[PDB]
Asker: 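Below you'll find the structure I mean.
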Amino acid sequence: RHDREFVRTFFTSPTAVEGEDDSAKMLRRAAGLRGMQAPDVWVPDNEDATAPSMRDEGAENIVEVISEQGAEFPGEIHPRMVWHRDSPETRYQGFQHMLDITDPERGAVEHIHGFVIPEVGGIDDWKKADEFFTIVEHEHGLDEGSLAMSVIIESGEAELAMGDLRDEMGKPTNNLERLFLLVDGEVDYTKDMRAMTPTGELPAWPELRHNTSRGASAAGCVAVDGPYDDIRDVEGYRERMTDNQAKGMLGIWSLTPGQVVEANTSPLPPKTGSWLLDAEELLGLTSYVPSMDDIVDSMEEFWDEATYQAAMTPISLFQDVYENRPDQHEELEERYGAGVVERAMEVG
Amino acid sequence: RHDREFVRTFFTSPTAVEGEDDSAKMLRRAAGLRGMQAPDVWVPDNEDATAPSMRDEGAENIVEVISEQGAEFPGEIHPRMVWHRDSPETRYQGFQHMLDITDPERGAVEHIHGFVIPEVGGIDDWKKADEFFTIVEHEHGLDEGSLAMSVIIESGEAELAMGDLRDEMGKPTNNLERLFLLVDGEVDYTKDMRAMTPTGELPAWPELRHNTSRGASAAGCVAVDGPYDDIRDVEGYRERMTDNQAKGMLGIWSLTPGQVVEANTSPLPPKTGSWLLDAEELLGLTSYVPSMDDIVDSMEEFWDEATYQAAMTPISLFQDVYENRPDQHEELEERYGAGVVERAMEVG
Amino acid sequence: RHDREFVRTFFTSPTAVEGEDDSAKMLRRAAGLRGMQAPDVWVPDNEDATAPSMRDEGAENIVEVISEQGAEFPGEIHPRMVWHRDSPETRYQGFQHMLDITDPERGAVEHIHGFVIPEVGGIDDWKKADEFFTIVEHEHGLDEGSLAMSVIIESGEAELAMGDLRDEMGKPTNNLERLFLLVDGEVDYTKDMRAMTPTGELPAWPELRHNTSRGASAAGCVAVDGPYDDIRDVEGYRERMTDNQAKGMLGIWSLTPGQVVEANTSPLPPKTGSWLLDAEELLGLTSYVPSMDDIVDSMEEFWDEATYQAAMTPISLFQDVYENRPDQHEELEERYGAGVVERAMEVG
Ligand SMILES: [Cl-]
Ligand SMILES: [Cl-]
Ligand SMILES: [Cl-]
Ligand SMILES: [Cl-]
Ligand SMILES: [Cl-]
Ligand SMILES: [Cl-]
Ligand SMILES: [Cl-]
Ligand SMILES: [Cl-]
Ligand SMILES: [Cl-]
Ligand SMILES: [Cl-]
Ligand SMILES: [Cl-]
Ligand SMILES: [Cl-]
Ligand SMILES: [Cl-]
Ligand SMILES: [K+]
Ligand SMILES: [K+]
Ligand SMILES: [K+]
Ligand SMILES: [K+]
Ligand SMILES: [K+]
Ligand SMILES: [K+]
Ligand SMILES: [K+]
Ligand SMILES: [K+]
Ligand SMILES: [K+]
Ligand SMILES: [Mg+2]
Ligand SMILES: [Mg+2]
Ligand SMILES: [Mg+2]
């Protein structure tokens with residue numbers, strides 16, 4: 001239902017960076033990318049890529065930068081707004097930023113293809129977002145359905161919501177036809193699922209990626225994988241894409257122009273080859289399993305709000321266990337030290 | 001709800017082969033198989049195993065061969081008809097061939113156990129097929145529900161449709177009790193999911209096989225895996241079955257009498273052994289990752305319509321990218337050569 | 001919705017053991033556990049851990065032992081009752097034992113946190129169990145919703161039922177808010193899915209564990225993995241938990257105090273370490289793939305009813321094949337011996 005049949009690169013940029021300067025710096029550069037360095041989809045990101053006290057400013061910079069520079073940008077532009085299935089405030093915030101940004105007088109709207117909506121819940125949460133797109137279009141004389149909606153799949157409820165999308169989208173009481181991308185968000189998803197790994201590196205969640213690909217094919221949307229944080233790990237990123245491509249998930253998130261170029265290239269067939277036959281640089285060979293002490297520190301002396309929350313599970317578990325198991329209060333001191341116990345018990 | 005509690009082998013044969021001769025040759029031989037060489041289920045295949053201009057002839061040969069030879073055939077016989085969730089013509093075609101084939105005057109119907117229906121969509125597409133079985137039974141005085149229906153699961157929508165089968169089958173407005181097999185079709189499925197792999201060998205789709213096994217156990221049907229093309233790769237076929245058997249998927253597709261014998265044997269417990277302890281023939285050791293040039297050729301100078309379509313994705317992707325990214329038009333020539341670019345741009 | 005935000009250990013004990021003695025021996029000891037040796041959740045198990053002719057006695061011992069010793073027990077107590085989606089008798093049995101056990105005069109109810117219900121089917125089966133909790137609470141003046149309900153997910157239908165739990169629980173016609181744990185039961189599940197493996201060791205069912213974790217996060221329950229039988233295999237148990245923890249499944253079944261301690265410890269962050277870098281005791285290194293002869297014997301000369309049933313598949317398959325394929329009757333004798341064929345044909 002959309003111009004892009006396939007999207008390989010989904011690239012995010014903070015919208016207002018705090019360090020003095022031009023807070024719209026990241027956006028102006030990124031709006032300058034061309035060729036293999038430019039994403040098929042570009043996401044001025046007013047959500048997690050951007051500190052909350054910066055978000056009203058980020059919304060302004062989005063209009064300023066796309067006003068000034070959007071006509072030229074060779075891919076499609078879809079800013080991520082804030083949203084949360086569990087928070088009416090965040091939802092209203094996301095909507096008011098969508099309404100400013102699309103004010104036709106400001107010159108941004110005509111280079112904007114749609115918005116990306118994070119944290120959606122079950123299908124009745126998607127209908128709330130859909131309802132805000134509809135109202136925004138009507139307030140500004142945009143054609144109905146002209147703003148594409150894309151969602152980040154980053155909770156269990158959203159993963160389930162993809163299963164009856166075909167028949168929900170057909171109901172005449174929503175304009176859910178506007179759906180474009182179903183984008184995995186492995187970071188917040190790890191958190192919502194309360195998963196933990198010893199390195200604190202993300203699980204691979206193959207089933208989420210299968211489900212997101214399936215949902216996309218049944219519903220006529222386009223499936224895209226989420227952020228791959230270890231940016232230096234070029235070969236890892238390529239393994240993950242090759243892996244995603246085997247599931248029919250052909251696009252991935254990109255965090256840097258390097259990742260844009262790798263991701264833009266990977267699903268394209270090779271130049272030449274190839275025959276296969278059966279039988280300081282140390283950092284990409286090491287990993288570190290933190291102790292409780294270290295995990296405490298990596299928030300206590302204190303990576304966005306997704307990386308933060310998503311690392312708090314072994315500690316919320318420890319907390320739960322200590323609150324409810326007085327009989328284990330001794331062995332837990334025996335094991336961490338009276339110091340650390342009483343210390344980990346404050347983080348929540 | 002069916003005579004076969006378990007089906008190990010699901011074996012297909014073209015119904016009308018073009019090379020002069022007796023076009024029903026493949027069927028007559030296959031109807032001759034006995035013992036470990038005979039499938040539990042045999043599928044005269046009027047769909048993808050058979051060129052479209054041969055299909056009306058294939059339908060006749062089905063009646064001629066099962067008329068002449070069906071009484072003897074020691075397994076169950078279930079011809080695959082044509083069908084497609086997105087094509088009313090194909091659906092009507094499949095139904096008219098079902099109506100001819102089952103004409104009681106022709107002597108085939110009484111050795112026919114049911115039909116296999118490819119390309120089904122969501123549950124309301126299965127109800128269309130179910131409705132055609134019902135009408136065919138009534139037109140020919142067959143008992144209601146006597147023709148078993150089996151579906152190939154080879155789209156995302158069909159994979160989802162298995163989830164509420166129990167309650168849809170109970171509705172008195174369909175005869176969906178007739179469902180017998182839920183058969184994965186990894187070939188067309190790879191396509192519908194737009195998956196690609198570097199060798200162009202099929203992904204393994206473990207989750208589809210899990211879902212198909214689950215759907216079968218919740219709904220009282222029998223789960224069967226799809227075609228395993230690399231026929232010479234005897235050990236691969238056995239690994240895949242052992243793998244399927246761990247998911248509760250106990251039957252697989254068979255493409256040859258060799259595969260029928262391997263598949264007939266594999267789920268049976270071994271003769272003897274065994275103790276396991278912890279720590280030109282080159283073709284089954286090589287594979288070839290084609291270049292864009294080669295992929296172009298393998299359709300441009302030009303494996304059924306499933307293998308064709310299912311290999312067109314890296315090219316439809318390339319096409320999409322070239323149509324929509326003029327800024328990359330240079331680097332794509334830099335990379336494939338002006339020759340190949342302009343050449344790949346015609347295939348659709 | 002429950003006091004325990006996280007449950008690491010789900011430990012079962014037979015309720016009435018046949019060997020002369022005090023039939024409540026296992027319960028009295030287990031009610032004595034403290035510290036790292038005590039499970040977060042303890043399951044006096046009146047279902048498969050206990051022979052059927054012992055179950056009315058087991059129900060009495062539950063009241064006797066929790067009466068006498070429950071006040072002290074430092075975790076939560078949730079006895080498993082009998083139940084089966086396909087058996088009205090078993091369901092009524094489970095309910096009558098729940099009604100005795102919770103009689104306020106007997107002194108057990110006030111140390112009981114809820115019950116665990118095995119073998120549930122689709123959501124309308126969960127509503128039957130939910131209805132029995134409601135009636136039991138009313139018969140004994142317990143607050144509504146005070147008995148937590150937990151289900152063992154050990155059929156395909158139950159795995160599917162988790163998908164619309166959020167909206168079913170909200171219906172005012174059930175008290176399904178009481179749901180607490182969604183606990184995989186890989187044993188009976190292997191059976192219901194008709195899976196088989198060469199060693200007869202359980203498949204890993206990663207997708208079930210993904211689905212159960214997802215269902216739990218969408219519905220506000222707590223996901224727990226099922227029994228890990230090879231008790232001596234300490235390192236295996238730790239691999240499985242580390243694996244489960246990557247899916248957000250943070251609790252597992254425990255069969256022994258050893259497993260309680262390993263499981264209680266594993267999700268807690270380590271004491272120290274650790275840096276990782278890229279590149280008679282023979283029993284935990286061997287496994288045995290039984291022949292048909294051996295499989296026949298391991299029921300014919302004859303591990304609970306779950307392990308029994310769950311091992312009967314290669315034989316029910318053999319039986320089906322022999323009943324329906326007379327043309328293979330020779331080759332099956334050629335292969336097993338006339339002796340074994342005619343022998344395996346009696347087990348059902
Ligand atoms: Cl809310
Ligand atoms: Cl939903
Ligand atoms: Cl992982
Ligand atoms: Cl699913
Ligand atoms: Cl897609
Ligand atoms: Cl249609
Ligand atoms: Cl459907
Ligand atoms: Cl694969
Ligand atoms: Cl099955
Ligand atoms: Cl029943
Ligand atoms: Cl259900
Ligand atoms: Cl396995
Ligand atoms: Cl959980
Ligand atoms: K609509
Ligand atoms: K509408
Ligand atoms: K897809
Ligand atoms: K029906
Ligand atoms: K009917
Ligand atoms: K099954
Ligand atoms: K309720
Ligand atoms: K209620
Ligand atoms: K979870
Ligand atoms: Mg996120
Ligand atoms: Mg097919
Ligand atoms: Mg069980």
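A note on names: the letters A, B, ... follow the listed sequences, proteins ahead of strands, and every chain is numbered from 1.
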Asker: Kindly determine whether A:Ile101 and A:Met81 satisfy side chain to side chain contact (heavy atoms under 4.5 Å, CB included), including the steps that lead there.
Answerer: CA-CA 10 Å; A:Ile101 293 183; A:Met81 301 290 90; 3.9 Å; yes
Asker: Hey, does the side chain of A:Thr9 reach the backbone of A:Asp40 with a donor-acceptor pair shorter than 3.5 angstrom?
Answerer: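 Confirmed, A:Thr9 side chain pairs with A:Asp40 backbone.
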Asker: Can you tell me how the ring of B:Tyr189 sits relative to the ring of A:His210, calling it parallel under 30°, perpendicular over 60° and tilted otherwise?
Answerer: parallel
Asker: For the residue pair A:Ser266 / A:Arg8, report whether a side-chain donor-acceptor contact shorter than 3.5 Å exists.
Answerer: no
Asker: To the nearest 0.5 angstrom, please state how far the CH2 atom of A:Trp83 sits from the CE atom of A:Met98.
Answerer: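 Output value for this atom pair is 9.0 Å.
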Asker: Quick one: closest heavy-atom pair of B:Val120 and B:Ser155, and the distance?
Answerer: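 Between these two residues, the closest heavy atoms are O-OG, 3.1 Å.
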Asker: Would you say the side chain of A:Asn244 lies within less than 4.5 Å of the side chain of A:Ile252, judging by non-hydrogen atoms?
Answerer: yes
Asker: Does any non-hydrogen side-chain atom of A:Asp188 lie less than 4.5 Å from one of A:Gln309?
Answerer: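 They are not in side-chain contact.
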Asker: Check whether any side-chain heavy atom of C:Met149 lies under 4.5 Å from a side-chain heavy atom of C:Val151, and answer yes or no.
Answerer: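 Yes, close enough: below the 4.5 Å cut-off.
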Asker: Taking 4.0 angstrom as the limit, do A:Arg80 and A:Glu47 come out as a salt bridge?
Answerer: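 Yes.
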Asker: Does some side-chain heavy atom of C:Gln245 sit less than 4.5 Å from a side-chain heavy atom of A:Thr197?
Answerer: no
Asker: Can you label the angle between the A:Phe132 ring and the A:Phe95 ring as parallel, tilted or perpendicular, going by 30° and 60°?
Answerer: parallel
Asker: Any side-chain heavy-atom pair from A:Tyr237 and A:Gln259 closer than 4.5 angstrom?
Answerer: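 Side chain of A:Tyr237 against side chain of A:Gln259, heavy atoms only: contact under 4.5 Å found.
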Asker: Do A:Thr15 and A:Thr50 have a side chain donor and acceptor closer than 3.5 Å?
Answerer: yes
Asker: Let's go through A:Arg214 and A:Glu207 carefully: what are the C-alpha distance in whole Å and the side-chain angles of both, what is the deciding distance for salt bridge (charged side-chain N to carboxylate O under 4.0 Å, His left out) to 0.1 Å, and is it a yes or a no?
Answerer: CA-CA 10 Å; A:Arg214 176 175 81 188; A:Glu207 306 74 2; over 6 Å; no
Asker: Quick one: does A:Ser146's side chain have a donor or acceptor within less than 3.5 Å of a partner on A:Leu142's backbone?
Answerer: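 No, because the side chain of A:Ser146 does not come within donor-acceptor range (under 3.5 Å) of the backbone of A:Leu142.
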Asker: Where do C:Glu186 and C:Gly226 come nearest, in terms of heavy atoms and distance?
Answerer: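 Closest pair (atom of C:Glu186, atom of C:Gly226, distance): OE1-N, 3.2 Å.
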Asker: Determine, step by step, whether A:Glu137 and A:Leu147 satisfy the side chain to side chain contact (heavy atoms under 4.5 Å, CB included) criterion, reporting the C-alpha distance in whole Å, the side-chain angles of both residues, the deciding distance to 0.1 Å, and the verdict.
Answerer: CA-CA 8 Å; A:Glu137 294 168 335; A:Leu147 297 181; 3.5 Å; yes
Asker: How long is the span from the OG1 atom in A:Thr102 to the CD atom in A:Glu139, to the nearest 0.5 Å?
Answerer: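 If I round to the nearest 0.5 Å, the distance is 9.5 Å.
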Asker: Measure centre to centre between the rings of A:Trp303 and A:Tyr308, then say whether the value is under 6.0 Å.
Answerer: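 That pair fails the under 6.0 Å test.
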Asker: Can you name the closest pair of heavy atoms from A:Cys221 and A:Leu179 and give their distance?
Answerer: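 Looking at all heavy atoms of both residues, the closest pair is SG-CB, 3.8 Å.
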Asker: Pair A:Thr134, A:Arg178 - check side chain to side chain contact (heavy atoms under 4.5 Å, CB included), show working.
Answerer: CA-CA 10 Å; A:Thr134 292; A:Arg178 70 169 71 263; 3.1 Å; yes
Asker: I need the A:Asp320 CG to A:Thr313 OG1 distance, nearest 0.5 Å.
Answerer: 12.0 Å
Asker: Is B:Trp126 reaching over with its side chain to a backbone N or O of B:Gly121, donor-acceptor style, under 3.5 angstrom?
Answerer: yes
Asker: When you compare the side chains of A:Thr12 and A:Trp42, does any donor N or O come within less than 3.5 Å of an acceptor on the partner?
Answerer: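 Absent: no donor and acceptor within the cut-off.
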Asker: Restricting to non-hydrogen atoms, name the atom on A:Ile123 and the atom on A:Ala161 that form the minimum distance, rounded to 0.1 Å.
Answerer: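 Looking at all heavy atoms of both residues, the shortest contact is N-CB, 3.6 Å.
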Asker: Once rounded to the nearest 0.5 Å, what's the spacing between atom CG of A:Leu181 and atom CZ of A:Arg4?
Answerer: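 Interatomic distance, A:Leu181 CG to A:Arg4 CZ, rounded to 0.5 Å: 10.5 Å.
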Asker: May I ask you to test the A:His2-A:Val222 pair for a side-chain heavy-atom distance under 4.5 Å?
Answerer: no
Asker: What heavy-atom pair brings A:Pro79 and A:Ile62 nearest, and what distance separates the two atoms?
Answerer: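 Minimum heavy-atom contact is CG-CG2, 4.2 Å.
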Asker: Between C:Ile153 and C:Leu208, is there a side-chain heavy-atom distance shorter than 4.5 Å?
Answerer: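 Side-chain contact under 4.5 Å: yes.
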Asker: Would you confirm whether A:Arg91, through its side chain, and A:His84, through its main-chain N or O, come within 3.5 Å as a donor-acceptor pair?
Answerer: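 Yes: the side chain of A:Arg91 pairs with the backbone of A:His84.
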Asker: May I ask you to establish whether B:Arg194 and A:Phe6 are in a cation-pi arrangement, using a distance under 6.0 Å from NZ or CZ to the six-membered ring centre and at most 45° from the ring axis?
Answerer: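 Satisfied, under 6.0 Å and within 45°.
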Asker: Kindly say whether A:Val116 contributes a backbone atom to a donor-acceptor pair with the side chain of A:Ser150 at under 3.5 angstrom?
Answerer: no
Asker: Is A:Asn211 reaching over with its side chain to a backbone N or O of A:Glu159, donor-acceptor style, under 3.5 angstrom?
Answerer: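 Looks like no, no N/O pair under 3.5 Å.
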Asker: So, are A:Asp45 and A:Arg55 salt-bridged, with charged N and O less than 4.0 Å apart?
Answerer: no
Asker: Do NZ/NE/NH1/NH2 and the carboxylate oxygens of A:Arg240 and A:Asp225 come within less than 4.0 Å?
Answerer: yes
Asker: Test salt bridge (charged side-chain N to carboxylate O under 4.0 Å, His left out) on A:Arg209 and A:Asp184; report intermediate values, then the result.
Answerer: CA-CA 7 Å; A:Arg209 288 178 284 126; A:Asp184 286 334; 5.8 Å; no
Asker: Dump the intermediate steps for side chain to side chain contact (heavy atoms under 4.5 Å, CB included) on B:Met193 and B:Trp205, then the final yes or no.
Answerer: CA-CA 11 Å; B:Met193 298 284 276; B:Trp205 298 116; 3.8 Å; yes
Asker: Evaluate the salt bridge (charged side-chain N to carboxylate O under 4.0 Å, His left out) criterion for residues A:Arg85 and A:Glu119: first the C-alpha distance (whole Å), next the side-chain angles of each, then the deciding distance (0.1 Å), finally the verdict.
Answerer: CA-CA 6 Å; A:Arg85 68 196 170 270; A:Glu119 295 292 5; 2.8 Å; yes
Asker: Looking only at atom types and distance, does a side-chain atom of A:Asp192 sit under 3.5 Å from a main-chain N or O of A:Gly156, one as donor and one as acceptor?
Answerer: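 Yes, because the side chain of A:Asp192 sits within donor-acceptor range (under 3.5 Å) of the backbone of A:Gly156.
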Asker: Once rounded to the nearest 0.5 Å, what's the spacing between atom CE of C:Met162 and atom CG of C:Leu182?
Answerer: 6.5 Å
Asker: Taking side chain as C-beta onward, heavy atoms only, is C:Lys247 less than 4.5 Å from C:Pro206?
Answerer: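 In short, these two side chains touch, coming nearer than 4.5 Å.
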Asker: Quick check for you: to the nearest 0.5 Å, what is the distance between B:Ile117 atom CD1 and B:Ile152 atom CD1?
Answerer: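 Answer rounded to 0.5 Å: 9.0 Å.
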Asker: Taking only residues two or more places apart in sequence, or in another chain, which ones meet A:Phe10 in a ring-ring contact (aromatic ring centres under 6.0 Å, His included)?
Answerer: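 For A:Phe10, the residues satisfying ring-ring contact (aromatic ring centres under 6.0 Å, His included) (neighbours in sequence not counted) are A:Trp253.
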Asker: Which pair of heavy atoms, one from C:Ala223 and one from C:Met249, lies closest together, and at what distance?
Answerer: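 In terms of heavy atoms, the two residues are closest at CB-CE, 3.8 Å.
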Asker: If you count every heavy atom of other residues, nucleotides or ligands that lies below 6.0 Å from A:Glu201 atom CD, does the total exceed 12?
Answerer: no
Asker: I'd like a table of donor-acceptor pairs (distance under 3.5 Å, sequence neighbours excluded) in which one partner is a side-chain atom from residues 163-174 of chain A, with atom names and distances.
Answerer:
from: A:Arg166; atom 1: NH1; to: B:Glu157; atom 2: OE1; distance (Å): 2.8
from: A:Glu168; atom 1: OE1; to: A:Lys127; atom 2: NZ; distance (Å): 2.8
from: A:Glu168; atom 1: OE1; to: A:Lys171; atom 2: NZ; distance (Å): 3.0
from: A:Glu168; atom 1: OE2; to: A:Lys171; atom 2: NZ; distance (Å): 3.3
from: A:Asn174; atom 1: OD1; to: A:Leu176; atom 2: N; distance (Å): 2.8
from: A:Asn174; atom 1: ND2; to: A:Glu168; atom 2: O; distance (Å): 3.1

Asker: I'd like to know if the side chain of C:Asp130 pairs up with that of C:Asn175 as donor and acceptor (distance under 3.5 Å, no hydrogens or angles considered).
Answerer: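 The answer is no; no qualifying pair exists.
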